[PDB]
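Protein chains in written order, with the entry's author numbering: chain L, 1 to 111; chain R, 24 to 66, 70 to 229, 234 to 307; chain H, 1 to 125.
Note that the Cβ used here is the ideal one computed from N, Cα and C, for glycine as well.
To start, the structure itself, in structure tokens.
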Amino acid sequence: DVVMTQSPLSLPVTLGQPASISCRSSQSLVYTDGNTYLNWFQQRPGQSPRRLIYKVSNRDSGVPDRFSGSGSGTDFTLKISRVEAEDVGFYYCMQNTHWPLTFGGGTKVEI
Amino acid sequence: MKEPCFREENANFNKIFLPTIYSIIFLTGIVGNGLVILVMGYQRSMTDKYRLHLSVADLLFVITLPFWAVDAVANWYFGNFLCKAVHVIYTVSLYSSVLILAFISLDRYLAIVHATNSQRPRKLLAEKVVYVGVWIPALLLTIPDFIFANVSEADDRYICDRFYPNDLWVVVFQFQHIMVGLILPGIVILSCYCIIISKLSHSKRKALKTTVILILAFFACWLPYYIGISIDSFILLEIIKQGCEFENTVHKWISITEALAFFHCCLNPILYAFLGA
Amino acid sequence: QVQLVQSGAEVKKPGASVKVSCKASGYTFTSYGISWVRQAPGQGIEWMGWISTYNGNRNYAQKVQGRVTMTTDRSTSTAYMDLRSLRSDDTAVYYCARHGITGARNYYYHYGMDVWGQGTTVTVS
Ligand SMILES: CC(C)CCC[C@@H](C)[C@H]1CC[C@H]2[C@@H]3CC=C4C[C@@H](O)CC[C@]4(C)[C@H]3CC[C@]12C
């Protein structure tokens, strides 16, 4: 129902330099109570996905301070202020405002 | 085989309309009940003695309201023990007022129907029996509130609610609520009044009319809420199948009629101010 | 601690049936719902279904509807997923997540996906 487009498909970055992944939805992800529910997932190879950020820019417990999220409406962005050796993996953005939920295409961060 | 219906919330109706009503009810009820208790306790008849108990029962509900209003506006920051305490206090104050009304009806029946030898059982009943018949059953009926009322965390949101294993305890306790609050005291009150009116047909009215007005107002503030509860329980049993928008409509109307019924903690000081006591 | 444990990896013939479990521990099982998702090798993550452990309300995706069924067990606090009429396209990794919240006066779907299972690899050949 709601398609999510991610960019770029592959993001080769160097250690110590910032990285940005941007995804945009087909519709406006604003619920009837004024809140936006878009969250970001990180998947390491051989493990189940792990959240990083929820509700556009709210971080979970245990995630570092490097990760941050922004954007509102129909364009959202994830930024890593300093890429480390443990950030390699797949990144997805998922919206939970319209039934049913949908996932992003997925971007591979290459050290 | 059944599709789910999720509840709907909007920032304009809930978060603005409900806190304002809760605040108005809180200020009115606290002022009225404080004045009534201050006047009665530290300056009577027996109806005044039962109305002091009604005022005390209303104070607990008024105290409980600042928690629901804050939960509606921002969040539930008050922990887990306070969740159980709020639920228990709400249930006690809900169940301990209709029983006092029934006791008032019984007192009026004894005073008017017999009028020859009733001061002794009226005394005994008022002092000894109200404690063991109004408050103790009300306290005993709060065990499910002790057990099933918990706070749960989802994302960054804490919610205080009654979490049952499945949707049939909800029906069971709604039917228990209806039966305890509306039928047996209702039967007692309407039979005492039927026998009084039958006795006084061939024939005092300054207190009888006041008590009748109080009981009618109390039972008219709660009727739409009971109708909504009955409709909801008949939907949970899957006896009424009319789509998914009907369920949202009835849920909204249950919320509205609950907000309306929360005005029962102000009737006693209004019939004190207007009728002149 | 809050966790979900799934069954093992498994290989099935075409036309067979797959019954995969998901046991929850560390939290009240009946206060949330369980969402079943799959990820194919070299493909994106795709939603498959949602079941309410509270009142047994379920919803399947349109793509997989007609072949998938879901059930729960309160006494053992587990959730199952049965997929029938398997094809070679069903070779994937299936994940189990805690999705939604279902209480007496709260029945929402936009809370959750906090905790997930380890996933089971189903190979259809
Ligand atoms: C757990 C919380 C809700 C306490 C439950 C018990 C409460 C509801 C009961 C316990 C003892 C009761 C009190 C016993 C005696 C009196 C004196 C009377 O002239 C007015 C009512 C009043 C003041 C009662 C009000 C209700 C009361 C306070």
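Query                                                                                                                                                                       : Result
Which residues of chain H have a Cβ atom closer than 9 Å to the Cβ of L/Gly105, listed in chain order?                                                                      : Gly44
Taking 7 Å as the cut-off, is the CB of R/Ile173 close to at least one heavy atom of ligand 1?                                                                              : no
In the DSSP assignment, find the beta strand (DSSP E) that holds H/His99 and state where it starts and stops.                                                               : 92-102
Answer yes or no: the CB of R/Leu165 versus the heavy atoms of ligand 1, is any distance below 7 Å?                                                                         : yes
Ends of the beta strand (DSSP E) at R/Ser224?                                                                                                                               : Here R/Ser224 belongs to no beta strand (DSSP E); instead the alpha helix (DSSP H) covers 210-225.
Go ahead and label L/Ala85 buried or exposed: buried means 16 or more other beta carbons lie within 10 angstroms of its beta carbon, across all protein chains shown.       : exposed
So what does DSSP say about residue 189 of chain H, is it helix, strand or coil?                                                                                            : Residue 189 of chain H lies beyond the stretch modelled for chain H, which goes from 1 to 125, so this question has no answer here.
Can you tell me which of the three DSSP states R/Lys75 falls into?                                                                                                          : helix
Count the other CB atoms within 10 Å of the CB of R/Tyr157; is the residue buried (16 or more) or exposed (fewer)?                                                          : exposed
Between which two residues does the beta strand (DSSP E) carrying H/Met48 extend?                                                                                           : 45-52
Run the CB neighbour count on H/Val2, radius 10 Å, all protein chains shown included, and call it buried at 16 or more, exposed below.                                      : exposed
Using a beta-carbon distance cut-off of less than 9 Å, what residues from the region 52-69 of chain H approach chain L?                                                     : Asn59, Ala61
Does the distance from the CB of H/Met81 to the CB of H/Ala97 come in under 8 Å?                                                                                            : no
From the DSSP output, in three-state form, read off H/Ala40 for me.                                                                                                         : coil
Regarding R/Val114 and ligand 3, is the C-beta to nearest heavy atom distance less than 7 Å?                                                                                : Looking for ligand 3 in the displayed structure turns up nothing; the ligands present are ligand 1.
Please list the segments of the alpha helix (DSSP H) lying wholly inside the region 152-176 of chain R, counting only runs of 4 or more residues, in order along the chain. : 162-166, 169-174
So, under 8 Å CB-CB, H/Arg74 and R/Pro147 are touching, yes? Tell me the CB distance rounded to an integer number of Å.                                                     : No, H/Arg74 and R/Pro147 are not in contact; Cβ-Cβ is about 52 Å, not under 8 Å.
Going by Cα to Cα distance, which pick from R/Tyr135, R/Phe40, R/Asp74 is closest to residue 67 of chain R?                                                                 : In the structure shown, chain R runs from 66 directly to 70, leaving residue 67 of chain R without coordinates.
Taking 8 Å as the CB-CB cut-off, is R/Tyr190 touching chain H?                                                                                                              : yes
Could you tell me which residues DSSP puts in a beta bridge with L/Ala19?                                                                                                   : L/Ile80
Please look up how many angstroms separate the CB atoms of R/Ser178 and H/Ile101, rounded, as I've assumed it's under 8 Å.                                                  : 7 Å
Per the contact definition of three or more C-beta pairs closer than 8 Å, is the region 111-122 of chain R in contact with the region 153-172 of chain R?                   : yes
State buried or exposed for R/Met205, treating a residue as buried only when at least 16 other CB atoms are found within 10 Å of its CB.                                    : exposed
Where does the unbroken alpha helix (DSSP H) through R/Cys109 begin, and where does it stop?                                                                                : 107-135
Using a Cβ-Cβ cut-off of less than 7 Å, give me the residues of the region 28-40 of chain R that come near chain L, in sequence order.                                      : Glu31, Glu32, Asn33, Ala34
For H/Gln118, go through chain L and note every residue whose CB falls closer than 9 Å to its CB, in chain order.                                                           : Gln47, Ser48
For R/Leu136, collect the residues of the same chain with a Cβ closer than 8 Å to its Cβ; drop the 5 residues on either side in sequence, then sort them by chain order.    : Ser144, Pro147, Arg148, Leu151
For a contact meaning CB atoms closer than 7 Å, what does L/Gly34 contact in chain R?                                                                                       : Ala34
Can you tell me whether R/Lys239 is buried or exposed, with buried defined as 16 or more other CB within 10 angstroms of its CB?                                            : exposed
Going along the chain, which residues of its own chain have a beta-carbon closer than 8 Å to the beta-carbon of R/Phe293, five neighbours each way excluded?                : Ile48, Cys251
Identify every residue that forms a DSSP beta bridge with L/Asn39.                                                                                                          : L/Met94
Taking DSSP's pairing of strands, which residues face R/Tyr184 in a bridge?                                                                                                 : R/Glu179
What three-state label does DSSP hand H/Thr123 in the structure shown?                                                                                                      : strand
To the nearest angstrom, report how far apart H/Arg38 and H/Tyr95 are at their CA atoms.                                                                                    : 6 Å
Name the chain H residues whose beta carbon is nearer than 7 Å to that of R/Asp181?                                                                                         : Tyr111
Taking H/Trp47 as the query, report the chain L residues whose CB atoms sit under 8 Å from its CB, ordered along the chain.                                                 : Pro100, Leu101, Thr102, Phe103
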